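Novice: The following block contains the structure, expressed as structure tokens.
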Protein chains: 2
Amino acid sequence: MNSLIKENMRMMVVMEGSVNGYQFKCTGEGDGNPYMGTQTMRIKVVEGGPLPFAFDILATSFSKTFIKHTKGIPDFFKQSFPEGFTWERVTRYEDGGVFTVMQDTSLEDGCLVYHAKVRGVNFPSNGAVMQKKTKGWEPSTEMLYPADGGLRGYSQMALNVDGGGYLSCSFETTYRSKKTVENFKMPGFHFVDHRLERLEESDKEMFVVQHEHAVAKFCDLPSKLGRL
Amino acid sequence: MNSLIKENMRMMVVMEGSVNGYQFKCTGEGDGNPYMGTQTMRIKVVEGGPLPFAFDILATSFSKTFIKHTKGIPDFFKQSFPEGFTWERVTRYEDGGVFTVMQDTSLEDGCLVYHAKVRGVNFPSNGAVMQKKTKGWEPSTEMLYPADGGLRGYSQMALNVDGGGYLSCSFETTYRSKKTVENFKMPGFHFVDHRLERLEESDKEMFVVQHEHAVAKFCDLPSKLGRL
């Protein structure tokens, strides 16, 4: 903990926007070990609650600082402080849904601060999300590589649905530090394994507890060309 | 090797179709250890060669039998024989390209037989592919889960390009056994790590040697809900 990003950190989060025309607002706080890549957060729907859609769709919008890093993979997010960073992302659901996010990450008074403006549209009325018939996400692997001076991430996720099925979705993310380009050491192509799980929920999902574990790493498989 | 799929197997491949209006035809053969998940193949462009596009785009179209499996993950492909299986896939490149494939997998005379009909369109004339300025693919992780009686796979890949950049692409695959549904044991949601590398190439890419290593597995990260 001898630095800006300490062994243990806390975070604050303010989310707002709409989904399928419905306005809402969320607030949350938590902590974790940025170096072990572990995270836990408590969130409350302070407005528009109870949401007419599944909270799951908002899961990945509520913390890149908390990602474990091995040797050989420079930390894009950690190197970004005190300034912080931002990122934009578009998620597309196979059944029609589109979820766009704009987030700001800063560090105020030793605490991490998250502001995310979100907009969702086209979620089928008889869809698992709007019908709130979802049951958490499966883990996933994010693919990342340097692009346009920033960091690009590509994601593919499967959301469990009532009955035993899955609802597919993919997204591309763009992460950008607020620090000079010739300052930090940009990482190369790599992956990040994620496992975001819902711990608790009550009051028609008006209060939510979630957890995430993420680890940066290279492909396990051996290369014949001596490539990473 | 005491069964249909032996410790060591060979394979035959006949590819044909077009890309951006250009017709071509490829033939190839190889072998590998289906259980160690290793593969090597030699391919020749018997028609339309030299191709006016990068061979890389055809890489993932040339062998699901060769995938290592741990305990807990039933083998969808191996369980499919002697009958065999098929699969369909659509790849979409971020710059406009679309590559559709239809493949048949059979087992004739102890040898694996591949027939794949492919169609590509919309590859930008000043694109890395048509300009043949690509430099192999990076490894990737395929996401898979049961759907509509068959197996669905989702993929995200990055193709290296001249200069130091990457060209993105994703695809969804549908795999279907030719054996009864109540016969084999359908696997659940899981992943497959892939690392497809180009070994050799000559004669303006008219002859190509490639290798693949694939392993089925569950997410490495621990779950708090006791989920796989």
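Note on naming: chains are A, B, ... as they come in the structure tokens, residues start from 1 per chain, ligands start from 1 in the order shown.
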Using only C-alpha atoms, find which residues of chain B lie within 7 Å of chain A and jot them down as an MDAnalysis selection string.

Specialist: chainID B and resid 139 195 219 221

Novice: Let's have the selection written as an mmCIF file, in the first residue's frame, with C-alpha atoms.

Specialist:
```cif
data_model
loop_
_atom_site.group_PDB
_atom_site.id
_atom_site.type_symbol
_atom_site.label_atom_id
_atom_site.label_comp_id
_atom_site.auth_asym_id
_atom_site.auth_seq_id
_atom_site.Cartn_x
_atom_site.Cartn_y
_atom_site.Cartn_z
ATOM 1 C CA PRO B 139 -4.321 -16.603 -29.668
ATOM 2 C CA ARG B 195 -3.458 -20.672 -30.575
ATOM 3 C CA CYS B 219 -12.645 -20.385 -16.001
ATOM 4 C CA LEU B 221 -10.902 -17.899 -11.337
#
```

Novice: Can I have chain A aligned to chain B? Use a least-squares fit on all Cα atoms paired in order and write it out as an mmCIF file with C-alpha atoms, in the first residue's frame.

Specialist:
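Output file result_1.cif is given in full below:
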```cif
data_model
loop_
_atom_site.group_PDB
_atom_site.id
_atom_site.type_symbol
_atom_site.label_atom_id
_atom_site.label_comp_id
_atom_site.auth_asym_id
_atom_site.auth_seq_id
_atom_site.Cartn_x
_atom_site.Cartn_y
_atom_site.Cartn_z
ATOM 1 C CA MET A 1 -5.919 -45.072 -29.779
ATOM 2 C CA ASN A 2 -8.206 -47.936 -28.738
ATOM 3 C CA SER A 3 -11.404 -46.534 -30.306
ATOM 4 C CA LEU A 4 -12.772 -44.492 -33.224
ATOM 5 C CA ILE A 5 -10.741 -41.380 -32.482
ATOM 6 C CA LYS A 6 -7.229 -42.792 -32.105
ATOM 7 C CA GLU A 7 -4.340 -41.286 -30.151
ATOM 8 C CA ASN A 8 -3.054 -40.147 -33.545
ATOM 9 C CA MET A 9 -5.206 -39.137 -36.510
ATOM 10 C CA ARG A 10 -4.871 -37.777 -40.025
ATOM 11 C CA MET A 11 -7.204 -35.439 -41.879
ATOM 12 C CA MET A 12 -8.111 -34.463 -45.448
ATOM 13 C CA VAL A 13 -9.497 -31.076 -46.453
ATOM 14 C CA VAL A 14 -11.177 -29.638 -49.523
ATOM 15 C CA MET A 15 -12.027 -25.941 -49.455
ATOM 16 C CA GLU A 16 -13.777 -23.935 -52.155
ATOM 17 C CA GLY A 17 -15.743 -20.722 -52.636
ATOM 18 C CA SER A 18 -14.958 -17.080 -53.257
ATOM 19 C CA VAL A 19 -13.807 -13.904 -51.554
ATOM 20 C CA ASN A 20 -14.855 -10.511 -52.882
ATOM 21 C CA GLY A 21 -15.973 -12.187 -56.117
ATOM 22 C CA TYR A 22 -12.740 -14.116 -56.638
ATOM 23 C CA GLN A 23 -13.122 -17.883 -56.938
ATOM 24 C CA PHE A 24 -10.533 -20.273 -55.544
ATOM 25 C CA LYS A 25 -10.018 -23.813 -54.274
ATOM 26 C CA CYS A 26 -7.777 -25.281 -51.587
ATOM 27 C CA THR A 27 -6.719 -28.819 -50.683
ATOM 28 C CA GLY A 28 -4.848 -30.049 -47.614
ATOM 29 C CA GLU A 29 -3.964 -32.920 -45.301
ATOM 30 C CA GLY A 30 -2.381 -33.430 -41.904
ATOM 31 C CA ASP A 31 -2.459 -35.157 -38.554
ATOM 32 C CA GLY A 32 -2.349 -34.526 -34.834
ATOM 33 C CA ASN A 33 -3.127 -35.880 -31.403
ATOM 34 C CA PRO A 34 -6.872 -35.287 -30.841
ATOM 35 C CA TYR A 35 -6.396 -35.840 -27.107
ATOM 36 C CA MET A 36 -3.437 -33.493 -26.577
ATOM 37 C CA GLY A 37 -5.314 -30.990 -28.744
ATOM 38 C CA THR A 38 -2.473 -30.476 -31.219
ATOM 39 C CA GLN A 39 -2.720 -30.028 -34.986
ATOM 40 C CA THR A 40 -0.610 -29.495 -38.096
ATOM 41 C CA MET A 41 -1.768 -29.098 -41.703
ATOM 42 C CA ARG A 42 -0.242 -28.514 -45.153
ATOM 43 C CA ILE A 43 -2.469 -26.647 -47.608
ATOM 44 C CA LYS A 44 -2.211 -25.795 -51.309
ATOM 45 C CA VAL A 45 -4.230 -23.331 -53.391
ATOM 46 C CA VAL A 46 -5.067 -25.669 -56.276
ATOM 47 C CA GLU A 47 -7.228 -23.028 -57.992
ATOM 48 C CA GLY A 48 -7.505 -19.240 -58.138
ATOM 49 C CA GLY A 49 -4.010 -19.079 -56.669
ATOM 50 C CA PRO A 50 -2.258 -16.812 -55.947
ATOM 51 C CA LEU A 51 -5.172 -15.523 -53.879
ATOM 52 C CA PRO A 52 -5.854 -11.740 -54.094
ATOM 53 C CA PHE A 53 -6.475 -11.750 -50.330
ATOM 54 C CA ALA A 54 -4.610 -12.837 -47.193
ATOM 55 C CA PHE A 55 -4.670 -16.579 -46.468
ATOM 56 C CA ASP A 56 -5.059 -15.674 -42.785
ATOM 57 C CA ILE A 57 -8.793 -15.069 -43.282
ATOM 58 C CA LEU A 58 -9.106 -18.762 -44.166
ATOM 59 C CA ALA A 59 -7.060 -19.967 -41.183
ATOM 60 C CA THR A 60 -9.871 -20.801 -38.740
ATOM 61 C CA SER A 61 -11.856 -22.533 -41.489
ATOM 62 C CA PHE A 62 -9.302 -25.330 -41.939
ATOM 63 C CA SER A 63 -10.839 -29.140 -36.986
ATOM 64 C CA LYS A 64 -12.783 -29.485 -33.734
ATOM 65 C CA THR A 65 -11.826 -33.136 -33.205
ATOM 66 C CA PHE A 66 -8.383 -32.015 -32.037
ATOM 67 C CA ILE A 67 -9.292 -30.352 -28.733
ATOM 68 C CA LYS A 68 -7.876 -31.425 -25.368
ATOM 69 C CA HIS A 69 -10.540 -32.125 -22.748
ATOM 70 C CA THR A 70 -10.267 -32.131 -18.963
ATOM 71 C CA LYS A 71 -12.671 -33.824 -16.562
ATOM 72 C CA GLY A 72 -16.126 -32.263 -16.354
ATOM 73 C CA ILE A 73 -16.278 -31.197 -20.003
ATOM 74 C CA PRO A 74 -17.957 -33.796 -22.259
ATOM 75 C CA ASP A 75 -16.476 -33.972 -25.761
ATOM 76 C CA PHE A 76 -19.120 -32.800 -28.247
ATOM 77 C CA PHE A 77 -17.025 -33.565 -31.321
ATOM 78 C CA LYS A 78 -15.366 -36.830 -30.336
ATOM 79 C CA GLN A 79 -18.706 -38.310 -29.187
ATOM 80 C CA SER A 80 -20.097 -37.490 -32.638
ATOM 81 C CA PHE A 81 -18.290 -40.240 -34.559
ATOM 82 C CA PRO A 82 -18.451 -42.427 -36.703
ATOM 83 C CA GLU A 83 -21.256 -40.249 -38.096
ATOM 84 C CA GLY A 84 -19.361 -36.971 -37.763
ATOM 85 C CA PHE A 85 -20.643 -33.418 -37.447
ATOM 86 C CA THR A 86 -21.075 -30.061 -39.149
ATOM 87 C CA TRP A 87 -20.927 -26.381 -38.277
ATOM 88 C CA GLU A 88 -21.761 -22.974 -39.708
ATOM 89 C CA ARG A 89 -20.108 -19.668 -38.938
ATOM 90 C CA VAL A 90 -20.183 -16.002 -39.847
ATOM 91 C CA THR A 91 -17.139 -13.835 -39.241
ATOM 92 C CA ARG A 92 -17.436 -10.055 -39.281
ATOM 93 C CA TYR A 93 -14.391 -7.826 -39.624
ATOM 94 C CA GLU A 94 -14.412 -4.362 -38.055
ATOM 95 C CA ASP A 95 -13.453 -2.801 -41.385
ATOM 96 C CA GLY A 96 -16.342 -4.332 -43.327
ATOM 97 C CA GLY A 97 -15.389 -7.891 -44.237
ATOM 98 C CA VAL A 98 -17.842 -10.760 -43.834
ATOM 99 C CA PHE A 99 -16.794 -14.396 -44.099
ATOM 100 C CA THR A 100 -19.372 -17.196 -44.003
ATOM 101 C CA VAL A 101 -18.467 -20.868 -43.764
ATOM 102 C CA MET A 102 -20.314 -24.167 -44.056
ATOM 103 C CA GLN A 103 -18.304 -27.274 -43.157
ATOM 104 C CA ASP A 104 -18.906 -31.005 -43.071
ATOM 105 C CA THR A 105 -16.858 -33.314 -40.871
ATOM 106 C CA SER A 106 -16.853 -37.037 -41.519
ATOM 107 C CA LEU A 107 -14.692 -40.095 -40.887
ATOM 108 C CA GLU A 108 -13.882 -42.150 -43.985
ATOM 109 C CA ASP A 109 -11.524 -45.130 -43.760
ATOM 110 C CA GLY A 110 -10.130 -44.095 -40.371
ATOM 111 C CA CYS A 111 -9.299 -40.657 -41.780
ATOM 112 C CA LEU A 112 -11.023 -37.352 -40.969
ATOM 113 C CA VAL A 113 -12.578 -35.642 -43.993
ATOM 114 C CA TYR A 114 -13.320 -31.914 -44.208
ATOM 115 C CA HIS A 115 -15.483 -30.215 -46.835
ATOM 116 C CA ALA A 116 -15.964 -26.479 -46.390
ATOM 117 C CA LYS A 117 -17.911 -24.106 -48.624
ATOM 118 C CA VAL A 118 -16.899 -20.499 -47.956
ATOM 119 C CA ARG A 119 -18.084 -17.088 -49.118
ATOM 120 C CA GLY A 120 -16.449 -13.753 -48.355
ATOM 121 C CA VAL A 121 -17.613 -10.272 -49.353
ATOM 122 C CA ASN A 122 -16.993 -6.592 -48.606
ATOM 123 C CA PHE A 123 -13.281 -6.756 -47.790
ATOM 124 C CA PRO A 124 -12.103 -3.146 -48.377
ATOM 125 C CA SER A 125 -9.857 -2.903 -51.446
ATOM 126 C CA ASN A 126 -7.388 -0.838 -49.435
ATOM 127 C CA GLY A 127 -7.734 -3.195 -46.479
ATOM 128 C CA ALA A 128 -5.038 -5.279 -44.800
ATOM 129 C CA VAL A 129 -6.605 -8.469 -46.149
ATOM 130 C CA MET A 130 -7.029 -7.540 -49.822
ATOM 131 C CA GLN A 131 -3.689 -5.735 -49.655
ATOM 132 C CA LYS A 132 -2.361 -8.941 -48.084
ATOM 133 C CA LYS A 133 -0.652 -6.981 -45.316
ATOM 134 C CA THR A 134 -1.531 -9.372 -42.488
ATOM 135 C CA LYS A 135 0.901 -11.151 -40.147
ATOM 136 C CA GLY A 136 -0.840 -14.065 -38.418
ATOM 137 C CA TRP A 137 -3.442 -14.207 -35.646
ATOM 138 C CA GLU A 138 -3.036 -13.805 -31.885
ATOM 139 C CA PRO A 139 -4.320 -16.603 -29.668
ATOM 140 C CA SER A 140 -7.923 -16.428 -28.465
ATOM 141 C CA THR A 141 -10.529 -17.956 -26.175
ATOM 142 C CA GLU A 142 -13.757 -19.376 -27.567
ATOM 143 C CA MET A 143 -16.888 -19.276 -25.405
ATOM 144 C CA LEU A 144 -19.269 -22.218 -25.790
ATOM 145 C CA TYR A 145 -22.674 -23.361 -24.535
ATOM 146 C CA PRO A 146 -25.584 -25.635 -25.546
ATOM 147 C CA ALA A 147 -28.219 -24.048 -27.781
ATOM 148 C CA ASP A 148 -31.081 -25.321 -29.950
ATOM 149 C CA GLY A 149 -29.938 -28.921 -29.488
ATOM 150 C CA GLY A 150 -26.502 -28.021 -30.846
ATOM 151 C CA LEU A 151 -23.333 -26.368 -29.556
ATOM 152 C CA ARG A 152 -22.831 -22.619 -29.912
ATOM 153 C CA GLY A 153 -19.405 -20.987 -29.971
ATOM 154 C CA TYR A 154 -18.556 -17.278 -29.881
ATOM 155 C CA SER A 155 -15.170 -15.951 -30.943
ATOM 156 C CA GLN A 156 -13.185 -12.727 -30.857
ATOM 157 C CA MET A 157 -9.837 -12.582 -32.664
ATOM 158 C CA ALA A 158 -7.098 -10.074 -33.497
ATOM 159 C CA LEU A 159 -5.127 -10.307 -36.727
ATOM 160 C CA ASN A 160 -1.661 -8.731 -36.781
ATOM 161 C CA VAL A 161 -1.105 -6.248 -39.602
ATOM 162 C CA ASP A 162 1.930 -4.691 -41.287
ATOM 163 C CA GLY A 163 3.276 -1.789 -39.234
ATOM 164 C CA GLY A 164 2.356 -3.067 -35.782
ATOM 165 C CA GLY A 165 -1.434 -2.759 -35.625
ATOM 166 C CA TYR A 166 -4.324 -5.221 -35.279
ATOM 167 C CA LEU A 167 -7.466 -5.964 -37.287
ATOM 168 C CA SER A 168 -10.433 -7.092 -35.168
ATOM 169 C CA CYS A 169 -13.026 -9.768 -35.887
ATOM 170 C CA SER A 170 -15.703 -11.804 -34.130
ATOM 171 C CA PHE A 171 -17.788 -14.813 -35.071
ATOM 172 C CA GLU A 172 -20.556 -17.061 -33.817
ATOM 173 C CA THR A 173 -20.444 -20.727 -34.666
ATOM 174 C CA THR A 174 -23.056 -23.427 -34.513
ATOM 175 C CA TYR A 175 -21.855 -26.996 -34.212
ATOM 176 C CA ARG A 176 -24.229 -29.912 -34.705
ATOM 177 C CA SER A 177 -23.628 -33.635 -34.334
ATOM 178 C CA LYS A 178 -25.141 -36.079 -36.822
ATOM 179 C CA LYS A 179 -25.895 -38.499 -33.976
ATOM 180 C CA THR A 180 -29.091 -38.714 -31.901
ATOM 181 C CA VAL A 181 -29.732 -36.051 -29.253
ATOM 182 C CA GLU A 182 -30.350 -38.585 -26.482
ATOM 183 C CA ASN A 183 -27.126 -40.386 -27.392
ATOM 184 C CA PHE A 184 -24.092 -38.399 -26.241
ATOM 185 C CA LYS A 185 -23.682 -36.297 -23.101
ATOM 186 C CA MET A 186 -23.992 -32.606 -23.982
ATOM 187 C CA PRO A 187 -21.362 -30.411 -22.336
ATOM 188 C CA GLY A 188 -22.268 -27.276 -20.421
ATOM 189 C CA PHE A 189 -20.959 -23.748 -20.707
ATOM 190 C CA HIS A 190 -17.180 -23.739 -21.060
ATOM 191 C CA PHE A 191 -14.268 -22.266 -22.979
ATOM 192 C CA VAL A 192 -11.651 -23.387 -25.459
ATOM 193 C CA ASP A 193 -8.274 -21.673 -25.619
ATOM 194 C CA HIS A 194 -6.868 -21.553 -29.160
ATOM 195 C CA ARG A 195 -3.458 -20.672 -30.575
ATOM 196 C CA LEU A 196 -3.366 -20.963 -34.354
ATOM 197 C CA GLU A 197 0.059 -20.244 -35.836
ATOM 198 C CA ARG A 198 1.445 -20.191 -39.376
ATOM 199 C CA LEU A 199 4.490 -22.452 -39.679
ATOM 200 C CA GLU A 200 5.484 -22.094 -43.336
ATOM 201 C CA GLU A 201 4.453 -20.461 -46.613
ATOM 202 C CA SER A 202 5.893 -20.235 -50.128
ATOM 203 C CA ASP A 203 5.036 -19.481 -53.759
ATOM 204 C CA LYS A 204 3.106 -16.286 -53.037
ATOM 205 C CA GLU A 205 1.241 -18.147 -50.279
ATOM 206 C CA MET A 206 0.143 -20.864 -52.726
ATOM 207 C CA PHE A 207 1.410 -23.447 -50.215
ATOM 208 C CA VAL A 208 0.730 -22.999 -46.487
ATOM 209 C CA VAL A 209 1.692 -24.847 -43.305
ATOM 210 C CA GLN A 210 -0.277 -24.076 -40.146
ATOM 211 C CA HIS A 211 -0.612 -25.338 -36.597
ATOM 212 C CA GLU A 212 -3.221 -25.164 -33.865
ATOM 213 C CA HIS A 213 -3.357 -26.008 -30.185
ATOM 214 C CA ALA A 214 -6.729 -26.014 -28.423
ATOM 215 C CA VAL A 215 -7.778 -26.895 -24.873
ATOM 216 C CA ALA A 216 -11.263 -27.070 -23.377
ATOM 217 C CA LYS A 217 -11.498 -25.771 -19.830
ATOM 218 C CA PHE A 218 -13.452 -23.893 -17.201
ATOM 219 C CA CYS A 219 -12.645 -20.386 -16.001
ATOM 220 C CA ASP A 220 -9.532 -20.454 -13.813
ATOM 221 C CA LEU A 221 -10.902 -17.899 -11.337
ATOM 222 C CA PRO A 222 -12.620 -19.087 -8.115
ATOM 223 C CA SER A 223 -16.360 -18.522 -7.724
ATOM 224 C CA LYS A 224 -18.064 -17.233 -4.564
ATOM 225 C CA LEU A 225 -21.341 -18.920 -5.472
ATOM 226 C CA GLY A 226 -19.591 -22.244 -5.950
ATOM 227 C CA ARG A 227 -20.172 -22.053 -9.686
ATOM 228 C CA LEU A 228 -17.910 -23.638 -12.309
#
```

Novice: Would you list, as a PyMOL selection string, the residues of segment 121-184 of chain B that end up in strand (DSSP E or B) under DSSP run on this structure's backbone?

Specialist: chain B and resi 121+134-137+140-147+150-161+166-177
